[PDB]
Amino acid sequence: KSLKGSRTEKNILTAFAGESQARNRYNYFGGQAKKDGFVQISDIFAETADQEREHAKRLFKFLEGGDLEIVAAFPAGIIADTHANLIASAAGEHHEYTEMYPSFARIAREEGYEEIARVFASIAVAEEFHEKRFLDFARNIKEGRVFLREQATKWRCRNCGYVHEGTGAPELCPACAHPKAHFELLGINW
């Protein structure tokens, strides 16, 4: 059935507006992470922004045209240090998966928009992992564990692929001469 005049129609636009802003915020935080010397985290922010772009696209495609007025609150700023940005980002993700999406999904179901409700619920799952990443990285920064660990492990240079074995990433990559900022724990997800 058509969405015209429904609460779900406005909820979709509200979600689209929020996700659009989140995309920008995450890209800015990504740039700041770069300046703060956290390349992996910078790329994580950039990827999250791209994924918010996709959540927004799915939502946008449900709309059927025309200008619609919405009333909603959003983060008025700001760009701080990377740890602070990760904390604020996690809080935003938390709101989305614990409050916004579940509420929007329930209303969608109430109004008879099952497919849309399922999409809202599905997006919430992605947001929960987004929060996890942001919280995990914030914790690594706070504990001084971004580039140094208790036991020896493997570190990979994101710039050239060099693999370093040790308790911590080197000050300079011996292969490409790029700074420690480019290193991450070697990951294998396959």
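Numbers for residues come from their place in the sequence shown, where the first is 1.
Undergrad: Where do the C-alpha atoms have the higher mean temperature factor in this entry, in 163-171 or in 21-29?
TA: Higher of the two, by average CA B-factor, is 163-171.
Undergrad: Could you check the entry and say whether 98-106 or 72-80 has the higher mean CA B-factor?
TA: Comparing 98-106 with 72-80, the higher average CA B-factor belongs to 72-80.
Undergrad: Would you mind checking which of 56, 141, 152, 121 has the top Cα temperature factor in the PDB entry?
TA: Going by the entry's C-alpha B-factors, 152 comes out highest.
Undergrad: Checking the record values for 64, 127, 136, 47, which has the greatest CA B factor?
TA: Of the options given, 64 has the highest CA B-factor in the PDB entry.
Undergrad: If you rank every modelled residue in this chain by C-alpha B factor, which third holds residue 91: lowest, middle or highest?
TA: Its C-alpha B-factor, which the entry lists for residue 91, ranks in the middle third among residues of this chain.
Undergrad: Tell me, lowest, middle or highest third: where does the Cα B factor of residue 158 rank within its chain?
TA: Lowest third - that is where residue 158 ends up once the chain's C-alpha B-factors are sorted.
Undergrad: For the chain shown, is the CA B-factor of residue 34 in the lowest, middle or highest third of its modelled residues?
TA: CA B-factor rank for residue 34: highest third.
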